[PDB]
Amino acid sequence: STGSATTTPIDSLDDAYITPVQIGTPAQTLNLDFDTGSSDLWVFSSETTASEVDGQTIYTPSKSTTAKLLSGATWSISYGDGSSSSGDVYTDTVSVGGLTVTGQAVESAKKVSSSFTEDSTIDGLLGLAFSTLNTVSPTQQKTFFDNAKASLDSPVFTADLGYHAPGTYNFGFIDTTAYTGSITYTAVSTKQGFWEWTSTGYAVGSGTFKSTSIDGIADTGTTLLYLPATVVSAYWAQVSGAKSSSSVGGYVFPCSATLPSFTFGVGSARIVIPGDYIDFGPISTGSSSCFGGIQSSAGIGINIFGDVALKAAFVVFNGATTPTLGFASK
Ligand SMILES: Cc1cc(C)c(/C=N/NC(=O)[C@@H](N)Cc2c[nH]c3ccccc23)c(C)c1
Ligand SMILES: Cc1cc(C)c(/C=N/NC(=O)[C@@H](N)Cc2c[nH]c3ccccc23)c(C)c1
């Protein structure tokens, strides 16, 4: 089997991408944030604290003839950014772009943090990291991809995120028309439960490539590109007037600037992030200071190849017995 679904930016800055997902019988369609940095499929629901719902579409398990309470199961997730959610668990039928999994754990939120409440366009998250990170207790549950994997034509999914435009998540096949040149594959460590890999280096604009190992995670659920402070300083030093602002929370730059590109290495291959992808617009309405799309990972504890990086590539998440990651230009 295969599935193919369009993913759409939630706003004019590509702050996140939402993908329609059918849950239950009859289908209830919710727009979920596909997150390769976590392993829980959770949704706003009829059980979510009323004051914590602000415009989201909710899953109502009582209206699904295929929903079953997973007796005694609870979940609770604390994301590294300080966001969180928790609740109980149903199993139900879940379909993405024509690919159907029966008995999928659907984690119904009773509580969500303010960040989620404020994101009216995101009805929940669909985790695509390794199932070892799933938070359901006392019986850990499998991700949608893990449940689908054996049935798929090939045990893979691909992320093709658009810049200021829709893109595509495919399951079970590689669309050879969706990228240019070749796909370069690189090793993955699953030791921390993430799609963790090692970039071979970077360049800023037309500058020379610096060969250096950068270990990080491919995370479709993170907006920005978080890299070591040395790398990030080297990038922003090429932008007149750019500076790190403790008050804003990262590097900002004059909105009048033209940003240089940023290149990252994948083996001997190179992915170029155009400068425009690194512009996140005014820090507040009407400001001439703009927020940067490349930020320091210092204090996160891991480097994160978020959407700013991933949207410059066609990315293969290969879930074979020994997982790997593939990157192509597009
Ligand atoms: C200090 C710091 C700052 C950030 C922005 C992250 C990213 N975290 N990103 C994620 O955890 C995503 N995989 C999922 C996610 C967290 N918060 C969200 C809000 C809206 C949509 C998705 C997420 C971290 C780990 C640490
Ligand atoms: C993931 C994340 C990380 C940071 C450092 C901020 C702070 N932002 N501070 C501000 O003053 C923002 N209004 C700046 C901003 C403008 N556009 C954005 C798009 C994404 C993230 C932040 C901003 C936020 C909101 C989210």
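The figures here come from the full heavy-atom set of this structure, side chains too, leaving out hydrogens, waters and symmetry mates. First listed ligand is number 1; within each ligand, the first listed atom is number 1. Along the sequence shown, residues carry numbers from 1.
- Of the protein's heavy atoms, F116 CE2, 3.6 Å lies nearest to atom 19 (C) of ligand 1.
- Taking the six-membered ring for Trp and thresholds of 30 and 60 degrees, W42 and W75 have nearly parallel ring planes, at less than 30 degrees apart.
- Near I283, meaning under 4.0 Å from one of its heavy atoms, ligand 2 places the atoms 11 (O), 12 (C), 13 (N), 14 (C).
- At a 4.0 Å cut-off, at least one heavy atom of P282 sits close enough to ligand 2 to count as contact.
- The closest heavy-atom contact to atom 15 (C) of ligand 1, among the options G221, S113, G249, comes from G221.
- In terms of protein heavy atoms, atom 14 (C) of ligand 1 is closest to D35 OD2, 3.4 Å.
- Residue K330 places its NZ atom among more than 12 non-hydrogen atoms of other residues, nucleotides or ligands, all under 6.0 Å distant.
- Protein heavy atom nearest atom 16 (C) of ligand 1, with residue, atom name and distance: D81 OD1, 3.5 Å.
- Protein heavy atom nearest atom 4 (C) of ligand 2, with residue, atom name and distance: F291 CZ, 4.1 Å.
- With 3.5 Å as the limit, one finds no donor-acceptor pair spanning the side chains of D153 and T2.
- Given atom 1 (C) of ligand 1, the protein heavy atom at minimum distance is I300 CG1, 3.8 Å.
- Of the protein's heavy atoms, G80 O, 3.3 Å lies nearest to atom 26 (C) of ligand 1.
- A side-chain N or O of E47 and one of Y90 form a donor-acceptor pair less than 3.5 Å apart.
- In this structure, the ring of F130 has its center less than 6.0 angstrom from the ring center of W195.
- Each of the atoms 9 (N), 10 (C), 12 (C), 13 (N) of ligand 1 lies under 4.0 Å from some heavy atom of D219.
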Going through the distances and angles, do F305 and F264 end up as a ring pair (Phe, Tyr, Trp, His ring centres under 6.0 Å)?
CA-CA 10 Å; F305 294 85; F264 64 93; 5.5 Å; yes
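- Between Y179 and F314, the angle of the ring planes lies from 30° to 60°, which puts this pair in the tilted group.
- Below 4.0 Å from some heavy atom of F280 lie the following atoms of ligand 2, by number and element: 16 (C), 17 (N), 18 (C), 19 (C).
- Taking every non-hydrogen atom of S83 and a distance limit under 4.0 Å, the qualifying atoms of ligand 1 come out as 17 (N).
- In terms of protein heavy atoms, atom 7 (C) of ligand 1 is closest to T222 OG1, 3.5 Å.
- Interface of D33 with ligand 1, defined as ligand atoms under 4.0 Å from a residue heavy atom, comprises 21 (C), 22 (C).
- At least one protein heavy atom sits closer than 4.0 Å to atom 23 (C) of ligand 2.
- Looking at atom 9 (N) of ligand 2, its nearest protein heavy atom turns out to be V248 O, 3.0 Å.
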Please lay out, stage by stage, how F262 and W236 fare under the test ring pair (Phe, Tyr, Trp, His ring centres under 6.0 Å).
CA-CA 10 Å; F262 184 87; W236 289 109; over 10 Å; no
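- Between atom OG of residue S288 and atom CZ of residue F253 there is a gap of 11.0 Å, rounded to the nearest 0.5 Å.
- Residue contacts with ligand 2, taken as heavy atom pairs separated by less than 4.0 Å, involve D15 solely via side-chain atoms from C-beta onward.
- Under the 3.5 Å distance criterion, the side-chain polar atoms of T222 are left unmatched by any main-chain donor or acceptor of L224.
- Counting heavy atoms closer than 4.0 Å to ligand 2, residue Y226 contributes side-chain atoms (C-beta onward) but none from N, CA, C or O.
- Ring centroid separation for the pair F145 and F34 does not come in under the 6.0 Å cut-off.
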